[PDB]
Amino acid sequence: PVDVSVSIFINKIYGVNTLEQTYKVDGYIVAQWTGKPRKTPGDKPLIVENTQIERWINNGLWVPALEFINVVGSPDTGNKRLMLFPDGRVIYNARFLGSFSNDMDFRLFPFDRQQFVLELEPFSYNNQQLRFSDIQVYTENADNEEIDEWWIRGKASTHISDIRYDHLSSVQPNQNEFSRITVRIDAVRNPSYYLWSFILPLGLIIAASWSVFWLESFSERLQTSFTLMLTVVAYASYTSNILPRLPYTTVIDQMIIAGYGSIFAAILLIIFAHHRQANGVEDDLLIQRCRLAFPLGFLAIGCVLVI
Amino acid sequence: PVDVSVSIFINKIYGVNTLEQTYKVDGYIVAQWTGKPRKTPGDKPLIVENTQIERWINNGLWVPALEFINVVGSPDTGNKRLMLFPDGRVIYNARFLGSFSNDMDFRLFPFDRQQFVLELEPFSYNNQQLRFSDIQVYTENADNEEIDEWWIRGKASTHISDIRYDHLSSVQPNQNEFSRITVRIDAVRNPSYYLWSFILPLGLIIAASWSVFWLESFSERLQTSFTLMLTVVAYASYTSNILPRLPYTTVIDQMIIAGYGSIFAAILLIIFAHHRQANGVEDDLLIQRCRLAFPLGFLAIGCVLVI
Amino acid sequence: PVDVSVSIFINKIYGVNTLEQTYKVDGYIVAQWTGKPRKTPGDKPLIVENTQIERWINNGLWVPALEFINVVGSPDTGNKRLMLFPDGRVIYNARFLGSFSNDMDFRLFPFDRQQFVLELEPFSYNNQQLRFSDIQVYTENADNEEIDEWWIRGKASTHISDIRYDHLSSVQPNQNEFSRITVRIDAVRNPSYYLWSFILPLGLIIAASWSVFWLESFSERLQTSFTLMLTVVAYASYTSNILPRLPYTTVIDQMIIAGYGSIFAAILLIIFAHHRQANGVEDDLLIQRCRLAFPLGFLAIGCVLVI
Amino acid sequence: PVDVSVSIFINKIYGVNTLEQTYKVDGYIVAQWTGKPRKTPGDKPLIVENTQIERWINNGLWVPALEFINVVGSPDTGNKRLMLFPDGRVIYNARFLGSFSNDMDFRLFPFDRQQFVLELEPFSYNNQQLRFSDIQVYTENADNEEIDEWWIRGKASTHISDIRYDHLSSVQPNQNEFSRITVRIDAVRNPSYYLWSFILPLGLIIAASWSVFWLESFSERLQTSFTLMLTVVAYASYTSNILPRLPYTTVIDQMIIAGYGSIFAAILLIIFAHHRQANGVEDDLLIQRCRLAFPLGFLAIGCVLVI
Amino acid sequence: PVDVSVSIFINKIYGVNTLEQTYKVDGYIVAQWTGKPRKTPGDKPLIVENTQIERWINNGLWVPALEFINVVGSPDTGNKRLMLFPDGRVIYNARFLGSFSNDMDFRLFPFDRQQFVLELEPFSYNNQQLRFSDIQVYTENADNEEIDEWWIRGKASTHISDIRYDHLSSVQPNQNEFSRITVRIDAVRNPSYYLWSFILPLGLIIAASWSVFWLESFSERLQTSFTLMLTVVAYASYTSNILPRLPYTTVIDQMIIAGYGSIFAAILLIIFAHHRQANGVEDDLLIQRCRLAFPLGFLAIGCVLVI
Ligand SMILES: C[C@]12C[C@]3(C)C[C@](N)(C1)C[C@](Br)(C2)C3
Ligand SMILES: C[C@]12C[C@]3(C)C[C@](N)(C1)C[C@](Br)(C2)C3
Ligand SMILES: C[C@]12C[C@]3(C)C[C@](N)(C1)C[C@](Br)(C2)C3
Ligand SMILES: C[C@]12C[C@]3(C)C[C@](N)(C1)C[C@](Br)(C2)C3
Ligand SMILES: C[C@]12C[C@]3(C)C[C@](N)(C1)C[C@](Br)(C2)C3
Ligand SMILES: C[C@]12C[C@]3(C)C[C@](N)(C1)C[C@](Br)(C2)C3
C-alpha cells in the first residue's frame, strides 16, 4: 500500500466559462512516493526530463497515473520531471493547464459566490495499492484584488478521502475504494463593473420612467410612455449582448422585467386616470398624483422580493 | 465469436450546438472480453497504463478498435488502461470526451424534447468475430432540475442490434454483420428562463400594441403605432442575438411575426377608420372602440395555433 | 499501372463557412487494389488496425498516399485499417473529418444552391503508376430535410478523369497525367427561416412606410418619415447580426436598400408637394394622393429587378 | 554551397485577420538539390512518403530545414514526399496551410489593396552552405473575382536576396548571411458590398439630415434633429458589428463622423437662428432657408478631405 | 555550475487578451553552454535538426529544459537546432509562439501603458548546477507605429536575478536556488480610433444633451428629454459591443455614466422649474436660463475629475 505525497501549485485560475460551468487552472503537480532503492551514478539523485522518461518506464519503472477527475478533456502538460533518489523515493513533477468542471449557481449574479474545485484520484490503483499520505496546496497569490475579476478569499481546501464504487468491473472483493484528493478555493466576484455601469444606469432609467407622470397632457403621458419602452428594450439588448449567457435568470435579468412591468403598470394607470370618471375626463387628480406614490410603491415590490 | 461486455459512464453532457445538431459528452468506456490465459508477475492481475499498452499490442495483444459511430472527428481520449488477468480475461479502461451527432428537432423551442444518443460499433470485426454480450450504462445523474438547463426524464435506454451492410469488400458468406450498441437518454428543456425573460415582455409589448386604441386624436393614433412597430423591431434584435442559431422558426420567432401583424393590422384599421365616409370626417364610432375586441381576438387566435 | 477501387461514405455535411467558401465533411475512404500474393495466418485475411499499420509499411508494404485535393489543411483521421488478402489484394480503411473548399456563389441568398465537392488524387503516383479503376459514393440519404439546414437533392455525381500538369519537376516522358476522382453533391439552402423572420417582416415595414402619405399635416408627414428611416436602420442591424458574412450584396441586403430608398424618395416627394409652390400651402393634393400610386410602382420597379 | 531550386504552388489565400495582420495560405512547397549518387531499387527513381522519411534521416540523409520566417506558429503539414534519384539529386514535396504575417494598411478601407507575402529561409544553413538558386511561384488563378472576397490583379512577384545578421551565434567567420526567398502577391478588396449596403444608405441618411430645414416650425426643426442624431448613432452600432475591428479610423468611420457633424452643426444653426434676436422671434429671415446653403456647404468640405 | 548563454529574438507581440491577462509572443530562443570536448564528423561543428535530437539524448547528451514561467499552456514550437562544436560547446535554437501572462491594468483605457514580460527559468536545475550567465534581447521592431495596435517605447529591459523558493523537498543547505531571466518590454496603446469614433461623438451627444433648454415649451422640454436618454442608451450598446470586455470601469464607460447623469439631472430641473410656483406655469425664467450654467459646471467637474 504505497503512501503517496501530493502537492498542487496553483499559478492561475482564470477563464470561467459560464454556460459550460467550466474554468481553467494553471499549475504544477508534485507527486512523491518511496519505492525501494535504485543504483545510480555516484550517490547523486537523478533528474529525468520529458521524452527520456518513458525510456525509464519501458525498463519496468512503476510511475502511476494520477487523474484529475473533474477536468474537461486532457490537460495541456508542459515539462515533466522524474527525480529518482538513491534511498528509493521518487519525485514526479509536471506543469499543467486544464479546463475543470463544477456546479455553479449564478442566479444572484453579479454577487455570486463560487468555488474553484480540483479533484485528483489514481486511475488504475485502488486504496490498498496506492493511497495518498498527505497533501499541500500552494496558492502563490496576494494583494491586487481590485484588478482581478475574482477575489480569492479563503486560502485553499484539502481533503483526503476514500471513495467506493458499488457498481463495478466484476472484480469486487476490494477493488472498490480509491483514495481521492479534493482541493477547493472560495472566490467572490468583483461586482464593481456591473454595479456602476449596469445597475446604476438602470435605476435612472426606471426613475425617469416614472416622471412621465409630471407631464401635463394625457396624450403626452401615454405617447411618451411608449418611447420609454423603446428605451427599456434598448437597455435590454445593451445588457444582453454583453452579460454572460445562462439558462436561468440573474438579478439583473429580473430588474429588466421589473422595468417592463413598472411601465406596463404606468400605461394602465394613465389610461385608468383618464377613463375612471363621472363625465369623461375625471382624471383622479390623486391617482394622477401617484406622482410620488407609485415610485415608492415600486419599492414595496423591491424589498419584499429581498425576503 | 468473441463476447465483449461494455460499460459506459456518462460524466457530463453539455454544449448543445443547435445548428450542427451536436452535443458534447464526457465519460468512460469499459470493454471486457475473455482471451487466452497468461502468466502475470506473481499471480496477481497485471496492470498496463498508456504508453506500454502500445508495447503490448505491438507484441501481439489483441485489443479491438471500438469506434463511436456518431462522433464528429476523433475524440479527446484521456488515460488508457489494460488490466490483464491470468485466467484470460482482459479489461480495457479509457476516458473520453467527444462531439456526438443526432437528428435534433428544435421547432418547438423552448419547449423542445430531445434524446441524446450514443452509437458504438467495432471498426474491423464483424459479429461473427466480435460480439456485444451485454451493456450497462452508469449515468451518475440526479436532482437540480429547477436550476440547470436540461431535465433528464429517462434513466438509460438501450438497444443491442445487428447492422447489415449491403455493399462490401470481396467478402462473401455472412460477413456483413456488425454488432452495435445504441444508448439513449430522453431529456427535456428547462423553459423557465425563456418564459419569464422572453415570452413575458413580448406579451406586454403586444398588450401595449393594443393600447394605441385608447388614444384620442387620429394623428396621435398613427404616429404612435410607428414607434410601436419600431419597438417590436428593437425586440427582434435583442431576441435574435441571444437565441440559438436555427434554420426554421421557433415558437418565439412566431410571436414576433404575430407582433408585426398586430401592429400592421392596427395601422390598417386606423387609416380605414378615418377616410371611409358618409360626410367626410366620419369616425366609425364602433370600429375604433375595438379597443379590446381583437386583443382577446389575439388571445382567441393565439390559443388557436394550439393544434 | 495499379488499378485502385475507391469508395467514399458521406456521413455529414455541415458548417458552411461562406467567406472561406468552406464546408465540413465527415466520412470514410475505402481503397482497394490487388497486390502480390502473400501467405497469411490461417488462410483468411489479416486485419491491421491503426498502430500496427505503420510497422507494416516500414517493412515494405506499399500503401499509396491518397490526398484530398480540395481539403483545407490536413483532415482529422480516425481509425485506420489494413485488411491484407492471401490472393494479394489489400484494403485500406480510414475514417476522416475535414474542411473542404469550393467556389460558392451566395448571391441569390437565401435561395443559393451549392455543390459540396470531394476530389481525390494520388500524391506520388501518376496514372502510369496508380490508376483509379472505379468509384461509388454512398450518401446516408433521406427525409427530414425540413429539420436540416441543407436539402441534398441529387444523390451525387461521380467522374474519374485524368488530369494533366504542364509545369513540372525534372521528370520528363509522360509523368504529367494523374487520374482524378470528382464527387459532386447537389444541395439547396433551407429558405424557411429566412423567409418568415426576415423577408416577411421587412416587406410590411416598406409597406407601412407608404402609409406616411395618409397623414394630414405636412409637419407630421415629414417628422414621421424620420422615424421610418430610423426603422430601416433598425431592421438592417437585426438582419446584420445574423446573416452570413459576404463580400457581395445578398437578396435581403437589396431589400434593405430599397427600404432606405423608398423613404428618402418619400422625403423628397413630401417636401416637393409642400414647398414648390404658388403659395406656401400648395401641396398638390393629388401629388400627395400618391398614397396608392407609389405602392403600385414599388412592385413595378421591384419585379424588374428579377430581370 | 548547395544550390536549391524552390517552387511554391498557391492554392488559396483566405482569412484576413485585420487586427493581428495575418492571412492564411494553402499550397505546396517544392525544393530540389543534388546529393551524392545513391543506389535505388533497379535504377528507377525511389519514392519516400511521410512516415519513412523520418527513418531515412536517422541513417544520415541530409534534409535541410527550410523555415517560413513570417509564419505565426508552425504550419499545418500535409503529406511529405522524397523523390530520390540514382545520380543523387533529391526532391522535397509538402502541402502546407500556414498563418502568415505582414505589414497591412487599412486606413483607406474598404478600398484597401494589400500584398500577401511569403519569406523562406533555411533554419540552420548559411548561403555558403545552402544557397537558393531560383524560385518559381505558380498561382493557379483565373476568373470570377466578383464572387471572391479579394481581387488578385497581379501575377505573383519574386525576390531572392541575402540576409545579414549582425548579432550573433558566436561562430564568426560568416555565420551571418542566410539566403532568403521572398514572395509577394498584390490584391484589392472587393468593395462591392460595402459600397451599396453601407456607403449608399449612410449618404441618404446624411442627405435626409439636411431635409430638417424645410420644416416650418422651430420646434419641429429642433426636435426632429434629435431623431437624426439617434439615426446616425443607430447606424453606428449597425456598422460596428459588421466592420473589421481596427486601431484606426477607416473611410466609413469618418463618413459616420461627417454625419454627426452635419447634424450637430445644424443644431447650432437652429438654436442660433431663433434666440439671438431683436425681438423674441428673430429667425434670420434668410438664414432659415439655409436649406440649400449647408448641403452644398457640406459637399465643399466633403470634397476638401481630398488631400 | 554551468554558464548558459541565452538570446531571445522577438518577431511579434500580438493578441492582447484583456480578461485573461494574456498576450502572444512569436520569436526564437538561443541557448549555449560549454560541455566536455567531443569528436565530430571531420572537425567542424555538426548540425542536428528536429528528429535527430532524440537520438542524441539517448546516447547520453545533456540538453537542459528551459521553461517560460509566465506562459499559459505549452508554447507552439517550430524548428529546433543543435549546434555542436568540437571543443565542448553546444548551441540550442528553437522557434516558439506562446501565450504569456502578466498583471495588466486596463482602467485608464484607451490611454493605458503596459509592459510585456518574459520569464525564463530552468525546470530541474538549481543555481549551483545551471546558471544564467548573460542575456541579450533582439527587438527587430521599428517605425510605423502609425498602423499597429501597440507603440513600443523602450528597447526592452533585462534583469537576471536569483529566485529562491521558500519550501522544499527536505534538503536545507542550498538546494532552493533558481536563476531567472526577466525580460520587460514597455508599450503604449494607440488611442486614435477610440478618440475619434467614440470620445468625440459621445461629447457631441453630451453637448447636444444640454441643447434641450433652448426649447420653448415645458412639454417639449420634457418630452424631448426622454429621446436623449434613449440615444445615450443606444450609444452604450454601440460602444459596449465593440469595446473589450473587462471587470472594471474604463474612461469611456464613465463618460457614458456621466452622459446618463447629465440627462437625469436636467430631467429633475425641467420638472423642478415648472411646478414650484405661484400659479402653475411660471417657469423660473432664470433656471431654464441655466443653459450654459452647468455645462461649465460639468466641465469644471471635468477639469477637477482629472486630479
Ligand atoms: C473504478 C473506477 C471508476 C471510475 C469512474 C474512475 C476510476 N478512477 C476508478 C477509473 C475507472 Br476506469 C474505474 C472509472
Ligand atoms: C463495414 C464497415 C462500414 C463502416 C461504415 C463502419 C464500420 N464499422 C464497418 C467500419 C467501416 Br471502415 C467498415 C466503415
Ligand atoms: C505533380 C503534382 C502536382 C500537384 C498539384 C498535385 C500532385 N498530386 C501531383 C502532388 C503534387 Br506535390 C505534384 C502537387
Ligand atoms: C434596441 C437597439 C438599440 C441600438 C442602438 C443597438 C441595437 N443592437 C439594439 C440595434 C438597434 Br437598431 C436597436 C440600435
Ligand atoms: C542565424 C539565424 C537567425 C535567425 C533570425 C533566422 C535563422 N534562420 C538564421 C534561424 C535562427 Br535560430 C538563426 C534565427
Ligand atoms: C522547485 C520548482 C519550483 C517551481 C515554482 C518552478 C520550477 N522551475 C522549480 C519547477 C517547479 Br514544478 C519546481 C515549480
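As you go down the protein sequences, you meet chains E, D, C, B and A in turn.
Here the first sequence stands for residues 11 to 317, where the numbers follow the authors' numbering.
Here the second sequence stands for residues 11 to 317, where the numbers follow the authors' numbering.
Here the third sequence stands for residues 11 to 317, where the numbers follow the authors' numbering.
Here the fourth sequence stands for residues 11 to 317, where the numbers follow the authors' numbering.
Here the fifth sequence stands for residues 11 to 317, where the numbers follow the authors' numbering.
Note that the Cβ used here is the ideal one computed from N, Cα and C, for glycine as well.
Buried or exposed (CB count within 10 angstroms, at least 16 for buried), residue i
i	result
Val291/C	exposed
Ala152/B	exposed
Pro183/D	exposed
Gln31/B	buried
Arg91/E	buried
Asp53/C	exposed
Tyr175/D	exposed
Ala303/E	exposed
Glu226/A	exposed
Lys34/E	buried
Residue i: contacting residues in chain A (beta-carbon distance under 7 Å)
i	result
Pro211/E	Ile267, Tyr270
Closer than 9 Å at the beta carbon, the chain D residues around residue i
i	result
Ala75/E	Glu59, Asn60, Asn89, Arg91
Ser247/C	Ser247
Within chain B, partners of residue i - CB distance below 8 Å
i	result
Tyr258/C	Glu156, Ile157, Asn200, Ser202, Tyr203
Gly52/A	By Cβ distance, chain B contributes nothing, its closest Cβ being about 14 Å from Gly52/A, past 8 Å.
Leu240/C	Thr237, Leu240, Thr241, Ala244
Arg65/A	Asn68
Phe106/C	None at all; the shortest Cβ gap to chain B is about 13 Å.
Contact list for residue i against chain E, beta-carbon separation under 7 Å
i	result
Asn251/A	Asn251
Interface residues of chain D facing residue i [CB-CB closer than 7 Å]
i	result
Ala244/E	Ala244
Bridge partner(s) assigned by DSSP for residue i
i	result
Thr192/D	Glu129/D, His169/D
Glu292/C	Beta-bridge pairing links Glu292/C to no other residue.
Contacts that residue i makes with chain A (C-beta to C-beta distance below 8 Å)
i	result
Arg255/B	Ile252
Chain A residues whose Cβ lies nearer than 9 Å to that of residue i
i	result
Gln233/B	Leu225, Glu230, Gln233, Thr234, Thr237
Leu29/B	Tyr24, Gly25, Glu159
Residues that residue i contacts on chain C, provided the C-beta gap is smaller than 8 Å
i	result
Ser143/B	Under the 8 Å cutoff, chain C gives no residues; its nearest Cβ is about 13 Å from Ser143/B.
Within chain B, partners of residue i - CB distance below 9 Å
i	result
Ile39/C	Per Cβ cutoff of 9 Å: no residues; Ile39/C is ~14 Å from chain B at best.
Partner residues on chain C for residue i, Cβ-Cβ distance less than 9 Å
i	result
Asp263/D	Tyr203, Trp206, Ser207
Chain C contact residues for residue i, given Cβ-Cβ distances below 7 Å
i	result
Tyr148/B	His177
Under 9 Å (Cβ pairs) to chain B, residues found in the region 112-133 of chain C: Look at the region 112-133 of chain C: the residues with a C-beta under 9 Å from a C-beta of chain B are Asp113, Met114, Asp115, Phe116, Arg117, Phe133.
Near-chain B residues of the region 78-101 of chain C - C-beta to any C-beta below 7 Å: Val82, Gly83, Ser84
Interface positions of the region 281-312 of chain B facing chain A (Cβ-Cβ less than 8 Å), listed along the chain: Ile281, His284, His285
Members of the region 219-230 of chain D near chain E, C-beta cut-off 8 Å: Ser221, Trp224, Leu225, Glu226, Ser227, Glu230
Against chain B: residues of the region 168-179 of chain C by CB proximity under 8 Å: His177, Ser179
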